[PDB]
Structure formats: C-alpha cells, structure tokens
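Peer 1: Here you go, structure.cif (mmCIF, C-alpha atoms; chains and numbers go by the auth columns):
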data_protein
loop_
_atom_site.group_PDB
_atom_site.id
_atom_site.type_symbol
_atom_site.label_atom_id
_atom_site.label_comp_id
_atom_site.label_asym_id
_atom_site.label_seq_id
_atom_site.Cartn_x
_atom_site.Cartn_y
_atom_site.Cartn_z
_atom_site.B_iso_or_equiv
_atom_site.auth_seq_id
_atom_site.auth_asym_id
ATOM 1 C CA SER A 1 69.511 51.237 85.927 0.00 438 A
ATOM 2 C CA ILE A 2 68.493 49.077 88.888 0.00 439 A
ATOM 3 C CA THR A 3 67.880 45.389 88.255 0.00 440 A
ATOM 4 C CA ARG A 4 64.562 43.605 88.815 0.00 441 A
ATOM 5 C CA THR A 5 62.676 46.875 88.308 0.00 442 A
ATOM 6 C CA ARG A 6 61.124 48.903 85.487 0.00 443 A
ATOM 7 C CA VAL A 7 63.283 52.000 86.157 0.00 444 A
ATOM 8 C CA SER A 8 66.007 51.781 83.518 0.00 445 A
ATOM 9 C CA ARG A 9 67.788 53.707 80.762 0.00 446 A
ATOM 10 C CA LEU A 10 67.972 56.914 82.802 0.00 447 A
ATOM 11 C CA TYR A 11 70.858 59.327 82.238 0.00 448 A
ATOM 12 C CA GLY A 12 72.927 60.589 85.147 0.00 449 A
ATOM 13 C CA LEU A 13 75.286 59.486 87.907 0.00 450 A
ATOM 14 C CA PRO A 14 73.363 58.109 90.908 0.00 451 A
ATOM 15 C CA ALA A 15 74.648 58.501 94.448 0.00 452 A
ATOM 16 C CA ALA A 16 74.836 54.721 94.999 0.00 453 A
ATOM 17 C CA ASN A 17 78.513 54.406 93.993 0.00 454 A
ATOM 18 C CA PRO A 18 79.852 57.605 92.416 0.00 455 A
ATOM 19 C CA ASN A 19 83.350 56.368 93.305 0.00 456 A
ATOM 20 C CA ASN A 20 82.953 53.333 91.003 0.00 457 A
ATOM 21 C CA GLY A 21 85.887 51.714 92.784 0.00 458 A
ATOM 22 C CA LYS A 22 88.214 54.497 91.671 0.00 459 A
ATOM 23 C CA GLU A 23 89.814 56.104 94.721 0.00 460 A
ATOM 24 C CA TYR A 24 89.853 59.574 93.136 0.00 461 A
ATOM 25 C CA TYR A 25 88.709 61.340 89.982 0.00 462 A
ATOM 26 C CA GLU A 26 91.524 63.521 88.648 0.00 463 A
ATOM 27 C CA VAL A 27 91.420 66.606 86.446 0.00 464 A
ATOM 28 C CA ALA A 28 94.646 68.428 85.611 0.00 465 A
ATOM 29 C CA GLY A 29 95.295 71.759 83.979 0.00 466 A
ATOM 30 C CA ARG A 30 96.605 75.284 84.347 0.00 467 A
ATOM 31 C CA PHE A 31 95.260 78.034 86.577 0.00 468 A
ATOM 32 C CA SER A 32 96.078 81.728 86.302 0.00 469 A
ATOM 33 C CA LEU A 33 95.578 83.984 89.327 0.00 470 A
ATOM 34 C CA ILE A 34 95.813 87.736 88.761 0.00 471 A
ATOM 35 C CA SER A 35 95.953 89.051 92.322 0.00 472 A
ATOM 36 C CA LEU A 36 97.139 92.042 94.346 0.00 473 A
ATOM 37 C CA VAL A 37 99.877 91.502 96.909 0.00 474 A
ATOM 38 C CA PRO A 38 102.210 93.288 99.402 0.00 475 A
ATOM 39 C CA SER A 39 105.416 94.167 97.516 0.00 476 A
ATOM 40 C CA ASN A 40 107.480 97.308 98.055 0.00 477 A
ATOM 41 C CA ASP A 41 109.777 96.221 95.190 0.00 478 A
ATOM 42 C CA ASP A 42 112.735 96.090 97.617 0.00 479 A
ATOM 43 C CA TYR A 43 112.269 99.833 98.039 0.00 480 A
ATOM 44 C CA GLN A 44 111.148 100.224 101.690 0.00 481 A
ATOM 45 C CA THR A 45 114.434 99.132 103.288 0.00 482 A
ATOM 46 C CA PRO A 46 116.942 101.095 105.371 0.00 483 A
ATOM 47 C CA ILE A 47 119.161 103.469 103.423 0.00 484 A
ATOM 48 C CA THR A 48 122.301 101.570 104.475 0.00 485 A
ATOM 49 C CA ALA B 1 147.716 138.618 123.672 0.00 2 B
ATOM 50 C CA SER B 2 147.355 137.407 120.085 0.00 3 B
ATOM 51 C CA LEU B 3 148.301 133.893 121.220 0.00 4 B
ATOM 52 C CA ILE B 4 144.659 133.162 122.065 0.00 5 B
ATOM 53 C CA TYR B 5 143.735 133.375 118.385 0.00 6 B
ATOM 54 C CA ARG B 6 146.748 131.306 117.357 0.00 7 B
ATOM 55 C CA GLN B 7 145.768 128.755 119.991 0.00 8 B
ATOM 56 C CA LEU B 8 142.064 128.802 119.124 0.00 9 B
ATOM 57 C CA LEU B 9 142.962 127.904 115.546 0.00 10 B
ATOM 58 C CA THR B 10 145.784 125.546 116.527 0.00 11 B
ATOM 59 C CA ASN B 11 143.867 123.450 119.064 0.00 12 B
ATOM 60 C CA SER B 12 140.727 123.369 116.901 0.00 13 B
ATOM 61 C CA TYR B 13 141.476 119.741 116.011 0.00 14 B
ATOM 62 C CA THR B 14 140.178 118.826 119.472 0.00 15 B
ATOM 63 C CA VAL B 15 136.801 120.174 118.317 0.00 16 B
ATOM 64 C CA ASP B 16 136.342 116.895 116.462 0.00 17 B
ATOM 65 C CA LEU B 17 136.685 114.950 119.706 0.00 18 B
ATOM 66 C CA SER B 18 134.085 117.150 121.389 0.00 19 B
ATOM 67 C CA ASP B 19 131.648 116.499 118.551 0.00 20 B
ATOM 68 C CA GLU B 20 132.234 112.771 118.959 0.00 21 B
ATOM 69 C CA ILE B 21 131.526 113.135 122.674 0.00 22 B
ATOM 70 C CA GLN B 22 128.375 115.135 121.965 0.00 23 B
ATOM 71 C CA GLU B 23 127.385 112.382 119.533 0.00 24 B
ATOM 72 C CA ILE B 24 127.839 109.717 122.227 0.00 25 B
ATOM 73 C CA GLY B 25 124.588 110.522 124.021 0.00 26 B
ATOM 74 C CA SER B 26 122.734 111.823 120.980 0.00 27 B
ATOM 75 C CA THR B 27 119.825 109.688 119.812 0.00 28 B
ATOM 76 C CA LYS B 28 120.025 108.109 116.362 0.00 29 B
ATOM 77 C CA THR B 29 117.252 108.705 113.807 0.00 30 B
ATOM 78 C CA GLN B 30 117.927 106.699 110.638 0.00 31 B
ATOM 79 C CA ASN B 31 115.749 107.214 107.564 0.00 32 B
ATOM 80 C CA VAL B 32 114.592 104.585 105.071 0.00 33 B
ATOM 81 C CA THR B 33 114.197 104.562 101.304 0.00 34 B
ATOM 82 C CA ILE B 34 110.922 106.157 100.187 0.00 35 B
ATOM 83 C CA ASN B 35 108.897 105.197 97.121 0.00 36 B
ATOM 84 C CA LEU B 36 107.752 107.953 94.772 0.00 37 B
ATOM 85 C CA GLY B 37 107.175 108.144 91.056 0.00 38 B
ATOM 86 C CA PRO B 38 104.664 107.385 88.298 0.00 39 B
ATOM 87 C CA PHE B 39 102.496 105.252 90.622 0.00 40 B
ATOM 88 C CA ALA B 40 100.102 103.512 88.254 0.00 41 B
ATOM 89 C CA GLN B 41 96.404 104.040 88.935 0.00 42 B
ATOM 90 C CA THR B 42 94.903 100.597 89.548 0.00 43 B
ATOM 91 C CA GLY B 43 91.317 99.949 90.586 0.00 44 B
ATOM 92 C CA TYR B 44 88.813 97.138 90.956 0.00 45 B
ATOM 93 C CA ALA B 45 87.975 94.980 87.968 0.00 46 B
ATOM 94 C CA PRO B 46 84.495 95.430 86.430 0.00 47 B
ATOM 95 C CA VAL B 47 82.280 94.196 89.264 0.00 48 B
ATOM 96 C CA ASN B 48 78.547 93.436 89.241 0.00 49 B
#
As a first step, turn the structure in this file into structure tokens.
Peer 2:
Amino acid sequence: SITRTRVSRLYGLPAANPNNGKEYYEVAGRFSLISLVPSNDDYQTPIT
Amino acid sequence: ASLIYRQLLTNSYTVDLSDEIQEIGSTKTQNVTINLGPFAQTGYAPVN
C-alpha cells in the first residue's frame, strides 16, 4: 500500500522496490538436461 | 647355365631392399576405426 492514499491492501509485488534492499533473490535446485551431443565413443580414431 | 636359378633364389633376399625402395616414394593411405553395429534408432521427442 501507498501512504496518505486510499489505495491499500492490494496483493502483489509493485515495481517500486522489488529488490527490497536484497542484492539478489536466490533459488537453488537440480536441473536435468537430456540432450544429444557429438560423441564417437572413442571409436573414430586412427587404427594405430 | 643352371647357376641363374641358383642365383635368382640365392640373391632373393635383396628383393626386400627393393620393396623398401619402392615404398620410399609410395604414398601412405592410413585407415581409421569405423563404427558399425546395433545402432539404436533414436528420434525426436513427442513434439507439438
């Protein structure tokens, strides 16, 4: 809410100060990436 | 006149040297290991 005004008790995060002093919002976790890549399985090399 | 045969067989060791000489100027063509086998059939994931 903004003081000295009738606009109050609204839910959300206004763009005035989303940082709230905090220098960074952190979220940690795991991430799994099933991808396709270039591997010959050490099977494209010279014979010798 | 049989000596020719006896010499042709006797001096045949020098053949090796000649081959080496003929291999001196010969170009080299070295092969690499080649994949074969049960290559699994992989395709795109269900895409919409």
Peer 1: How far is it from CA of residue 4 (chain B) to CA of residue 17 (chain B), in Å with one decimal?
Peer 2: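 CA of residue 4 (chain B) sits 21.3 Å away from CA of residue 17 (chain B).
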Peer 1: Using all atoms listed in the file and a distance of at most 8 Å, pull out the residues of chain B that contact chain A, as a ChimeraX atom specification.
Peer 2: /B:31-36
Peer 1: Would you compute the distance between CA of residue 18 (chain B) and CA of residue 30 (chain B)? Give it in Å to one decimal.
Peer 2: 21.2 Å
Peer 1: Could you state the separation of CA of residue 464 (chain A) and CA of residue 446 (chain A) in Å, given to one decimal place?
Peer 2: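 According to the coordinates, CA of residue 464 (chain A) and CA of residue 446 (chain A) are separated by 27.5 Å.
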Peer 1: Report, as AutoDock Vina command-line options, the centre and edge lengths in Å (one decimal) of the axis-aligned box enclosing every listed atom of region 470-480 of chain A, padded by 8 Å on each side.
Peer 2:
--center_x 104.2 --center_y 91.9 --center_z 94.1 --size_x 33.2 --size_y 31.8 --size_z 26.6
